[PDB]
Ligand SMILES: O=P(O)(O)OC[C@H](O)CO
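Given next, in structure tokens, is a single chain: the form solved without ligand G3P.
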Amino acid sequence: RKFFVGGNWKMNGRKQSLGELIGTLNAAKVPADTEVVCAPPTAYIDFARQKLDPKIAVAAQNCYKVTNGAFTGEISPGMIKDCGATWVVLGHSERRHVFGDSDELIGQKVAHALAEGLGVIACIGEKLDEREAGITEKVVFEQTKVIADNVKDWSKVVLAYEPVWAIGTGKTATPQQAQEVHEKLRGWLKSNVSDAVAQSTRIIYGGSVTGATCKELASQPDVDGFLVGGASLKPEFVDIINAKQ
């Protein structure tokens, strides 16, 4: 499984700062064994694709479920592809919990994005209350099932596990518990999709990752990369891209 490192810039940056960031990434050497993807704010997808070395892919941070229509404020996989982007992050914890993306809608977006020839970074993760209630498996397996029900070709999909229960809650996710979850997800795929899919599908970690912890996290058997948040806006991102090196 090729090491995958995605940077989710979230709602940050402007042309100046993002341009500098991109300059820093273009100048860095990305191990041929690493697949790098950057997710700029929607207004900068086009901008980023133009400035980013073609070696690095561009992803949209969200998209809707149809080709076109009366959905003011939304963008379709078609527009994303039209901008040169090749991936779209779907089901991100922020879309689910802050903007209410339903599990059903996420499934529809996944189906549509893949049908449009876009790659999908499908995010899953349980909240603190769900974690506390000991229903981690229930939640992530239900979320993964919806994704699986909407994926016909896993070659274009990367599963990202977000330990939401560790975001601003005081809890700290250890690499052991990350491995623990990733192993369970791969086991679910093995049994519910196929051995081939479970073996080849990248399951990346969307939890807290820094240049000082990426090595250990990347060394975990079932952690195939990262969906980086805050660090993706800093030089440290390059260190994370080299976590396997």
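Counting begins at 1, following the sequence as shown.
Below, we refer to the form deposited with ligand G3P bound, which is not included among the displayed structures.
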Checklist entry - In terms of non-hydrogen atoms within 4.5 angstroms, which of the given stretches 132 to 140, 170 to 178, 105 to 113, 92 to 100 touches ligand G3P in the deposited bound form? => result 92 to 100
Item to check | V164: touches ligand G3P in the deposited bound form, heavy atom cutoff 4.5 angstroms | outcome: yes
Item to check | Contact test in the deposited bound form: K145 vs ligand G3P, heavy atoms, 4.5 Å | outcome: no
Item to check | Contact label in the deposited bound form: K127 to ligand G3P, heavy atom within 4.5 Å | outcome: yes
